[PDB]
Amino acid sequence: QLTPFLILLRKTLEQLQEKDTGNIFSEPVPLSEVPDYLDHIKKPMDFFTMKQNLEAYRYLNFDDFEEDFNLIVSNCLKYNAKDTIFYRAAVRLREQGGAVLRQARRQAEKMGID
């Protein structure tokens, strides 16, 4: 059912955001400061946009939620040089966030996801 599922997503998103200790993924990459970003990145994503989507009922299953979180990480690895704070943060977030999503998926299974 939608109510318990959205509560699960909010908690999951909060935990993912807590893993981003440097607040690197909190808001969209500022395109005005990074004008070549869209030359490399097909679909930007960030935690604020995810929260907006969540509250606007755009995540009605777990896969769509996962897909957007995974974009946050994959975009960052793809765009940034390996020796940057950003790339290193994405490597860490993939591992830590991955554990969060594993646990959250198991919870979603216990509810009503297909």
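Heads up, when I say rigid core I mean the largest set of C-alphas that superpose within 1.5 Å between the two forms. Throughout, we count residues from 1 along the sequence that is shown.
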property: Higher-deviation segment by CA RMS in 8 other deposited structures of this protein, core fitted, 71 to 79 or 32 to 40; result: 32 to 40
property: Mean Cα B-factor comparison, 17 to 25 or 97 to 105, giving the higher one as deposited; result: 17 to 25
property: 33 to 41 set against 70 to 78, stretch whose average Cα temperature factor tops the other in the entry; result: 33 to 41
property: Record-listed C-alpha B factor of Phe47: chain third; result: middle
